[PDB]
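Participant: Sharing a structure with you now.
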Amino acid sequence: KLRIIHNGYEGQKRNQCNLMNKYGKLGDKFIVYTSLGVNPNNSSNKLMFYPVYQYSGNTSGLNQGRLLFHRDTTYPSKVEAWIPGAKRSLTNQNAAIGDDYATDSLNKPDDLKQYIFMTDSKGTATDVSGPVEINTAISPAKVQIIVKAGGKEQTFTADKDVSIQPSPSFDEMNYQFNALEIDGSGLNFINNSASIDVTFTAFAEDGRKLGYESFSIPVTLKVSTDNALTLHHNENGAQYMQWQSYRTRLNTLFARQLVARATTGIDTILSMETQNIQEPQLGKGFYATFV
Amino acid sequence: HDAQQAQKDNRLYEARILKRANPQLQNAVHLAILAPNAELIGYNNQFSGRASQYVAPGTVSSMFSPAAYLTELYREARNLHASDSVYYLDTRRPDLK
Amino acid sequence: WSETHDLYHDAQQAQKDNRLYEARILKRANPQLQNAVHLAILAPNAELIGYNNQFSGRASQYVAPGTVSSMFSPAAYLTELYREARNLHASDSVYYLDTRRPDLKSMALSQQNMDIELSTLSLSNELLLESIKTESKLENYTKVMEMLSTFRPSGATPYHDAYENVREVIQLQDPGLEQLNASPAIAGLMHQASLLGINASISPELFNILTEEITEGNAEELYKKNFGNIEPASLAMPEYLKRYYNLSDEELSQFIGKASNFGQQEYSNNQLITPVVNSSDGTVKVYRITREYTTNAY
Amino acid sequence: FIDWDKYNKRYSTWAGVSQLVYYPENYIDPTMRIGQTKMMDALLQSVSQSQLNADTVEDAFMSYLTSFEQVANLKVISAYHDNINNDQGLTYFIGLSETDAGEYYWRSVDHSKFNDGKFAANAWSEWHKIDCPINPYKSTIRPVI
Amino acid sequence: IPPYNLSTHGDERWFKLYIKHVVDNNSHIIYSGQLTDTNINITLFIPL
Amino acid sequence: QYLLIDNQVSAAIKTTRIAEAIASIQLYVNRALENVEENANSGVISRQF
Amino acid sequence: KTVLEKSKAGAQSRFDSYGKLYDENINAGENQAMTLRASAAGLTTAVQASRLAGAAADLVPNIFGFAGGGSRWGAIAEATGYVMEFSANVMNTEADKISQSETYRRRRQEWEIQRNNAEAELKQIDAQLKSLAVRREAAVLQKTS
Amino acid sequence: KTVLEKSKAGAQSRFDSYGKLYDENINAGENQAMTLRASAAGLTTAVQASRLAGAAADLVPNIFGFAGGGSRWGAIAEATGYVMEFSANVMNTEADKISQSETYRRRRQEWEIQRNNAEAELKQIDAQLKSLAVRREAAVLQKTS
Amino acid sequence: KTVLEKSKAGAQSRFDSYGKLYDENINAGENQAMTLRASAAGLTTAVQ
Amino acid sequence: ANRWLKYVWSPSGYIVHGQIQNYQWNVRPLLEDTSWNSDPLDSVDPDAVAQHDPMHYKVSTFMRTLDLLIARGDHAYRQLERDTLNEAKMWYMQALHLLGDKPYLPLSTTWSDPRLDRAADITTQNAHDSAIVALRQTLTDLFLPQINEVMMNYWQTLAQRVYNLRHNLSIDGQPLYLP
Amino acid sequence: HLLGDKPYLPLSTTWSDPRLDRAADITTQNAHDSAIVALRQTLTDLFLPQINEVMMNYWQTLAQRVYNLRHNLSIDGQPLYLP
């Protein structure tokens, strides 16, 4: 199930995505201004406006474009968006608290892809720069899921593998796929374990990436050519575990032979002849010296 | 008892406006406390922009000044005795009102 | 993803093995340990040869605690701070580390920079003197102080640095101006507007500001001389005036009174200032109504 | 005037309760709470000494999480509703822990706190312990009022 | 849930979700909310 | 908070050039980790240091 | 001058003593005393798991043949009675831990007062050594006179 | 003057210390120590209900068949003997609670005396600073003479 | 004179404090603490 | 103590397997404000009001983080060394950018200094109560809402601690230089 | 004589007082990490290794204790002779 949200990064980008959600549908096109800074000459605080321009004539049926904004000021004021390059002003007398718009009196969006000076003439000034035209429509042919399970990448798009396409929304779009076919032959089993890397991603109409989300499905293979772990108790007192070729001692017979070293005293317990107390061999075998 | 429950809901709804409109909370970005911004509009239009005017502690115009306790005292205690009585509050003390 | 997950945890294990192998060289090459014969701590002497050939004899050079060339000096913590924190922001950002502080990359990690104490305020002034010298493209720090002596617009800027050197020594030689009374014939040579500059910090350029004749006509010309490109609609705001002159709300209300952003004005200290806007002209005309009580106040 | 002797006679008490609606965090104590469980009382006592390192607060958390497991894994056996009708009144449950010779708890849900398709969280009380030698046969046990 | 339009909803923003024909042919409320200018995604468990 | 050195400090308070450059970067990191200065590189914040 | 230098060297010995006691609070001994009182009361869940296991094992009859039965019927009430008697010893052990931890806290707070009484006496005798240095200079000028 | 200002600054440090200890009596630790001694002795009615339930359950015979009987005849005298031995521990727990509560009361009453010894010394040194200010004025008039 | 009157008013506060503590020995609390220790040990004939 | 406050709120984010996370609140029913008490005004309970509105659990955790930073900086102050006063200034400046700037309150308000019978008039109150019901489903003599005094003391303590740092004083205001 | 003699540290070292960007340069670090891997299986701006400060205080305490023994002082340095 692939899920897409349209919000991001609470400073300076959440307030711009709330304007697209509140005043627009998903198939709309917008201008997102990615560079916002205060004017050091005309501002008395560090607050700023967050502008998004909405086009005229899209999924949201709109006769005339409008400049959305969001202000953090609670006092009533006008909001004026002065454009020095086009000598045009978009002014909203008595702006609302938070989300409001100022309609574009003559539909020329190319006069808005440049420097805009937004102010309220009561403390707030903003150098609006860096326009980015985005298209927020999403076709399901570009929403794909990449499955790299061992050998070859397998890509499953949402135009063929979804039974019911959901409604377009900025909040949630749940893309529930069908039962997808993954060729598990050819996995690289390192230490008897493999993985299936499932990567969710989605693209918009203007080619921008909508983010990604990578998963991993661990696959563990059961070998059958090995022997089971075996616990032994040899008659010399040595207990060990038989992992297939090795013998690993479990107990110790140190405390059995410590008793003869403990009759004299602690000077005899904490010597080195006590530290040279030997332990029996692990089952059938021998000692070999390799030079 | 339905009038008591509606009176408690009026205290909570007016509180939720005045809590989240705090400039002490709006400067702290990391709290992620959402301003109302849709029912804050209807509150400020009705009450002449009350939720934008906050005051410092120690002033007279506060909700918790001693002038605010004197107002609730005088509102309730002025009806303890009848209006034609000698023990009426505005009869014994005409300078309080 | 898991191909990256395997190579990264193998890179952590190889990074821990590099820390342990370099440690085992520098532990057993200690002259504190080589003088103690009874420890029987074996010197490497075969992989110590390969370490000293690669690193220019690093394991033979040990240092005393408290020096700058150590692995645990504060110059060694500053190196790991500057190596990691310089990439926290992007290179084209205003919050980049070598953009806000160009003097950090050029500072020598010497013993004199670590031991010798000096004033923090002297370090802060020479950082501010260097930034002003490069933007105005002046000659030295004296031309910076000469430029600040005549610079009009900003809130505390008409600062004649040679003048404060003059007036403070006079405050140190005779405190309270004892020779203002004992020598009337020298105090009579100085006009009393100049003797005001001894007690109060009034620059010779500030004397030129306070004695201008403000009439209609030159008020637009004396505005750009005394404020620059500040728009007067943005200068007249009380929130802007508080930050510009470095004032407080009680200190500003003695000048322009009680003001708010809801279109109301009140009397503070029995005076009023209202920027009354003119209809059908757009001009702003400022009044000053001032009140004195007669026949009672309260 | 019902609240006159407490929170309306003095000014310092009137400003106490009336600020508690707006700013209750000035009066919130992290160690004390009206309505806390007995596990939170036993947790505070486990860390009430002075020398309190990282090892002590992790051993007291796992001792807290042990008693948290016993209450989260209760098996509701039977119930009783203290009214004629299911719409009003309040229903008392009974629980079973996962120990042998188990221990029985009980709590309540208030059907007058049911609003808009869901109980409010004030309807539920906490599981109260029954210290009684109970050994029923095949879960034949009933509360009653 | 569609956003609030005064022409197709009215002058009040309340809305309620009822369930019906699940155990009897009467109605029972499963949600109560207020209409906004933005869609409301509601996920509920429907008994059968 | 920008130039990482105190201008309102008095003239009787003394440091060294190393120990002030340390306190400049320590003040720089505590603003960069906690989203006070925007557009911090997230791949560097998640490093082991 | 020798009189005030022996008073200064005596008040220095109290400022060094109570300052060493204030800086070095709870030692290696008194840490182990409060660790044992924290370990003696962490056995509530372990004793209760042995009483509930011993109660249900004794409810099974143990005599078989021509005369059956033999189970102790009051086994659950014996087990819950032993846990509540043991939990009274746990709450007294937890109370002795906190009362010892707060006796040591009030002991440190009295060491801080006795540290500051010696620090104020060092600053007092240093001011008496200064006025005595002025009394000697007035005696040398009288010698000059 | 410097001698009496160091004496004033030392008596201020005792008036601020013992005044802080008097104003801040029983802390978050010592509240939990007396709460546990109040909780360790509130188990009298609960242990007694488990001894009387275990006694009557053991009076029922448990061996059936060709050889009947099996009930413990001294079950009630065993139960009443266990309650009176446990109530002696309750009365010692209640006595340790009140003796700790009154040790803390007499500790506060000694803090009030040590607070008032520092307050009377502040008012004494302030009167010694006043007479020294008059001794200096008599030395300036001698300088004028 | 003011120096010795503050010394007199301080020694009066100790004579009034320790005199109140001497005149008022065992209080309502410490009476109940020794009554319980007399009641916890009067159970010898009853347990036997 | 910093390790356990960051199990509720880390202002520097959370790193789970080498990647920063999308949340600063580790408690997800604080991330979504879920009310779990809808009867908060039955009794005088400061917690039951905060259970109805879990934003006060955000402000409580915010105040405990500030109490951590101030008391740690007070501990790093009283060593009175050179590098410890510079350390103590770091913990004070770290508590100042979590608070942000001090709130600029408007000084002129809609407060006409009314009579006592004008402010305690019942038709002013009944117009106030009937207006809330109209919003939930002329009056200018009302009392203006108030900022938190206990929160305001955090800006006033930290302005005093930094003032004592910048001017060579002690934490009580006593000078560290020789007169 | 269990410590032996005090270590004679060389006083002139290969330390050129480098710039901060020369010592915190990553190609100096990556040449350092790749050289250890070559040893396990130009860089002169490196930090020199350090003797133990806690060990050094044993030579400094014992030099002070014997100095107080040889010159008729106390353990704190106070004289045992009459002035």
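Participant: Assuming a ≥ b ≥ c are the square roots of the Cα gyration tensor eigenvalues, decide whether chain D counts as rounded (a/c under 1.5), prolate (otherwise, with a/b larger than b/c) or oblate.
Facilitator: oblate
Participant: Out of the chymotrypsin sites (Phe, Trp or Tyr not before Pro) in the range G:33-74, which ones are loop residues according to DSSP with at most 10 other C-beta atoms within 10 Å?
Facilitator: Answer by residue number: G:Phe64, G:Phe66.
Participant: Still on this structure, please answer the following. Could you grab the relative contact order for chain A? Cα pairs under 8 Å, six or more apart, rounded to a whole percent.
Facilitator: Computed over chain A, the figure is 15 percent.
Participant: Measure nothing but the geometry: give the 0 to 90° angle between the long axis through the Cα atoms of H:75-144 and the longest principal axis through the Cα atoms of chain H, rounded to 10°.
Facilitator: 0 degrees
Participant: So what's the angle, to the nearest 10 degrees on a 0 to 90 scale, between helix I:28-39 and the longest Cα principal axis of chain I?
Facilitator: With rounding to tens, the tilt is 20 degrees.
Participant: OK, next. Which values of log₁₀ I(q)/I(0), to two decimal places, follow from the Debye formula for the range C:151-293 at q = 0.10, 0.16, 0.18 Å⁻¹ with a uniform point scatterer at every Cα?
Facilitator: Here log10 of I(q) over I(0) equals -0.53, -1.07, -1.19.
Participant: Only four residue types carry charge here, +1 at the Cβ of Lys and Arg and -1 at the Cβ of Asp and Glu. Report the dipole size of the range A:1-158 about the Cα centre in Debye, rounded to the nearest 20.
Facilitator: Result for the range A:1-158 is approximately 480 debye, rounded to the nearest 20.
Participant: Looking at the square roots a ≥ b ≥ c of the eigenvalues of the Cα gyration tensor of chain J, which shape do they give, rounded for a/c under 1.5, prolate if a/b is larger than b/c, or oblate?
Facilitator: It comes out oblate by the Cα gyration axes.
Participant: Then there's this: For chain B, what relative contact order do you get, as a whole percent, if you take Cα pairs closer than 8 Å and at least 6 residues apart?
Facilitator: The normalised contact order for chain B reaches 12 percent.
Participant: Right, next: With charges only on Cβ, +1 for K and R and -1 for D and E, what is the dipole size of chain B about its Cα centre, in debye, rounded to 20?
Facilitator: About 200 debye.
Participant: Which entries of A:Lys1/J:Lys58; H:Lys6/H:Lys123; H:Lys1/H:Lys143; G:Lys6/H:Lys8; G:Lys97/J:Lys58 have Cα-Cα distances beyond 25 Å here?
Facilitator: Over 25 Å Cα-Cα: A:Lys1/J:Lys58; G:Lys97/J:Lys58.
Participant: Taking the alpha-carbon centroid of each part, what is the distance from the range D:76-105 to the range H:23-85 in angstrom?
Facilitator: Answer, in whole Å: 26.
Participant: Within 10 Å of each Cβ in peptide B:56-62, how many partner chain Cβ atoms are there on average? Round it to a whole number, please.
Facilitator: 6
Participant: Same structure again: When a/c is below 1.5 the answer is rounded, else prolate if a/b is larger than b/c, else oblate, so apply that to the protein assembly as shown with a ≥ b ≥ c taken from the square roots of the Cα gyration tensor eigenvalues.
Facilitator: rounded
Participant: To continue, here is another question. Please work out the C-alpha center-to-center distance from the range A:1-74 to the range B:16-40 and express it in whole Å.
Facilitator: 20 Å
Participant: Tell me, H:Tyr18, D:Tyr80, A:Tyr212 in order of fewest to most beta-carbon neighbours within 10 Å?
Facilitator: Ranked by crowding around the Cβ, least crowded first: A:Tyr212, D:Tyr80, H:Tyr18.
Participant: For the range D:51-66 and the range J:109-135, compute the distance between their C-alpha centroids and round to whole Å.
Facilitator: 54 Å
Participant: Of the chymotrypsin sites (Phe, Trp or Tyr not before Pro) in the range J:1-67, which ones lie in a loop per DSSP and count no more than 12 other C-beta atoms within 10 Å?
Facilitator: For chymotrypsin sites (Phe, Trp or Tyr not before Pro) across the range J:1-67 that sit outside H, G, I, E and B with at most 12 neighbouring Cβ atoms in 10 Å, the list reads J:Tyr7, J:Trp36.
Participant: Relative contact order for chain D: what percent, with Cα pairs under 8 Å and sequence separation of 6 or more?
Facilitator: The value is 15 percent.
Participant: Add -39500 (n - 2.57) for each DSSP H run of 4 or more in the protein assembly as shown, then divide by its residues: what number comes out at 222 nm, to the nearest 500 deg cm²/dmol?
Facilitator: -14000 deg cm²/dmol
Participant: Here's another thing I want to ask about it. If I fit a long axis through the Cα atoms of helix C:74-85 and take the longest principal axis of the Cα atoms of chain C, what angle between them do I get, 0 to 90°, rounded to 10?
Facilitator: 80 degrees
FYI, it's all coordinate maths here, none of it is from the lab. Cβ coordinates were reconstructed from backbone atoms using ideal geometry, including for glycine residues, and neighbour counts include every protein chain displayed.
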